[PDB]
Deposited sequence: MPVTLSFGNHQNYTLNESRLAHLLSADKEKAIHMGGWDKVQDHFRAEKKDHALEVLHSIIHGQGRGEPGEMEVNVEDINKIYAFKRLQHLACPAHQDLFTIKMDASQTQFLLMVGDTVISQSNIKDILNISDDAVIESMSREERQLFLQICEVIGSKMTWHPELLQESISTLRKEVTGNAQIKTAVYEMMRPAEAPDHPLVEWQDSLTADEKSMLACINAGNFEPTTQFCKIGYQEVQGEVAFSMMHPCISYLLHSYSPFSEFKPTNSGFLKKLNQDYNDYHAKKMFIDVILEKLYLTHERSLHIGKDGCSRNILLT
């Protein structure tokens, strides 16, 4: 897809095809009204990918990212050498005394994948956010392999493309109350389930909630430095729902199971054709 930054459309004509990626990396370092932005940590993730991609194909396994024992620092590793690190609160642009819930190994790899994509849009397509956050985000949330990765982890048997099932309300007033917490104390059938995943495993359906860092980074993240505390507010909220859901999981799952079984084994529930119960679109 065409890169345009730094007049690249015509500037690229000065370079041999085999040098264009090198010249872009350089052009990127020359060029990168305007609100101040905090993206040095988050861009490391995609930059590390760019590094790895230049190494001999058999050395590529040697480039990896892990966490320190506290899982609050990502460590960029070239074999055993830690070439650089990033605090997760700096990657997230969050206000520091902000609570981050821990992620499984699966969830972390997904978080990092979203980091790559975001980093790559902000690096090669700065025009995107120059418009608005929503224009950046559309490109991230609309992105094929991110879509594919989010569905594969949370709803492995549902295609991202899955057509909505029509809402049929079999919930008692108590059940709708019990559900309020997975969507900020509201009960709206078209949105209540946007954070829930599910998979069938040896005859049982197992529900989950989207990790609040992953939902934050998909739908609430602002790279702008100046609203650090606003980002933090959004995160605490997703934290709270996440924690409520786990405190009450054995009541909530009974009800999810009922809904899933009565909506064609999906929680991608809509009304009059209008769902926002997708994980992301």
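Gaps in the model relative to the deposited sequence occur at 1-29, 62-68, listed in sequence order.
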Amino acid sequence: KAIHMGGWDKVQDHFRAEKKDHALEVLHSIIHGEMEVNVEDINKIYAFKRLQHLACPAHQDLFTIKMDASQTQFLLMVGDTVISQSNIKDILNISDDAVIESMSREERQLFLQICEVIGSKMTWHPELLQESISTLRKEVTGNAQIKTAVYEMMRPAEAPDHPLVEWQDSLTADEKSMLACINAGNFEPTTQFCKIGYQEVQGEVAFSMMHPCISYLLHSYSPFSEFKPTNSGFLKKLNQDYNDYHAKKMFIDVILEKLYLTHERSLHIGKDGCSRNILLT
From here on, numbers count along this sequence of modelled residues.
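Per the PDB record, of the two stretches 43-51 and 222-230, 222-230 carries the greater mean B-factor over its C-alpha atoms. Relative to its counterpart among 171-179 and 128-136, 128-136 has the higher mean temperature factor, C-alpha atoms as listed in the PDB entry. Across the options 209, 99, 115, 206, the residue with the most elevated CA B-factor in the record is 99. In this PDB entry, residue 34 carries a Cα temperature factor that places it within the highest third of its chain's modelled residues. Looking at the C-alpha B-factors along this chain, the one for residue 157 belongs to the lowest third. Per-chain ranking of the deposited C-alpha B factor places residue 256 in the lowest third. Ranked by C-alpha B-factor against the other modelled residues of its chain, residue 79 falls in the highest third. Among the modelled residues of its chain, residue 9 has a C-alpha B-factor that falls in the middle third, as given in the PDB entry.
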